[PDB]
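To start, the structure under review is shown below, and the notes come after it.
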Amino acid sequence: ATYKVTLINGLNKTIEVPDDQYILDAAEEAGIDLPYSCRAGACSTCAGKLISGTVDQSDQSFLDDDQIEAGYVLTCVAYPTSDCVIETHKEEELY
Ligand code: FES
């Protein structure tokens, strides 16, 4: 499957993401400059907030159960599992 991932912050664009591609990688192929540092699921730099839809970010490690429950997603290690809508650049909300 290929899912429509809407990325919002002067950013408002919907990209196509195969279910076996990470959202950050797909955003970069679409020319979108999203924040990152480790690209390995171990920090908050690439954090976004899921507004609708679902992801598989099982390779992540930084976010705790409670941050995941609140809708945070580490875009560098997140695969879409449905069409979804993500607010980007959300690291600041964790602190
Ligand atoms: S850039 Fe570090 S977790 Fe995504």
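Identifiers in the structure tokens: chain A, B, ... in order shown; residue index from 1 per chain; ligand index from 1 in order shown.
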
*Produce as a PyMOL selection string the set of residues near ligand 1, where near means within 12 Å with only C-alpha atoms and all ligand atoms considered.*
chain A and resi 22-25+34-48+57-63+72-78+88-91

*Please identify which residues in stretch 12-59 of chain A DSSP calls alpha helix (DSSP H) from the backbone, and express them as a list in words.*
residues 23, 24, 25, 26, 27, 28 and 29 of chain A

_Proximity to residue A:54 - best of A:21, A:67, A:81, A:14, only C-alpha atoms_ =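 Among A:21, A:67, A:81, A:14, it is A:81 that comes nearest to residue A:54.
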
*asked:* From the options A:33, A:20, A:87, A:56, which residue's atoms come nearest to residue A:7, counting only C-alpha atoms?
replied: A:87

_Filtered DSSP result for stretch 6-64 of chain A, state strand (DSSP E), as a count of residues only_ = 18

*Would you kindly return, as a PyMOL selection string, each protein, DNA or RNA residue with an atom no farther than 9 Å from any atom of residue A:51, considering only C-alpha atoms and excluding same-chain residues fewer than 4 positions away?*
chain A and resi 71+84-87

What does the file look like for those residues with N, CA and C atoms, as a PDB file, in the first residue's frame?
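What ended up in out31.pdb:
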```pdb
ATOM      1  N   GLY A  71       0.256  11.405  20.904  1.00  0.00           N
ATOM      2  CA  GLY A  71       0.284  11.519  19.475  1.00  0.00           C
ATOM      3  C   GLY A  71       1.603  11.862  18.854  1.00  0.00           C
ATOM      4  N   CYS A  84      -2.514   9.671   6.838  1.00  0.00           N
ATOM      5  CA  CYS A  84      -2.452  10.329   8.142  1.00  0.00           C
ATOM      6  C   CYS A  84      -2.129  11.793   7.889  1.00  0.00           C
ATOM      7  N   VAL A  85      -2.255  12.583   8.932  1.00  0.00           N
ATOM      8  CA  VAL A  85      -2.003  14.010   8.945  1.00  0.00           C
ATOM      9  C   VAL A  85      -1.054  14.252  10.136  1.00  0.00           C
ATOM     10  N   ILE A  86       0.090  14.852   9.878  1.00  0.00           N
ATOM     11  CA  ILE A  86       1.104  15.086  10.905  1.00  0.00           C
ATOM     12  C   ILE A  86       1.494  16.550  10.932  1.00  0.00           C
ATOM     13  N   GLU A  87       1.442  17.207  12.079  1.00  0.00           N
ATOM     14  CA  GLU A  87       2.072  18.483  12.312  1.00  0.00           C
ATOM     15  C   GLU A  87       3.563  18.317  12.618  1.00  0.00           C
TER      16      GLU A  87
END
```

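Counting only C-alpha atoms, the residue from A:65, A:19, A:28, A:93 that sits nearest to residue A:79 is A:19.
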
*Pick out the closest residue to residue A:30 from this set: A:55, A:83, A:13, A:2. Count only C-alpha atoms.*
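When distances to residue A:30 are compared using only C-alpha atoms, the smallest one comes from A:13.
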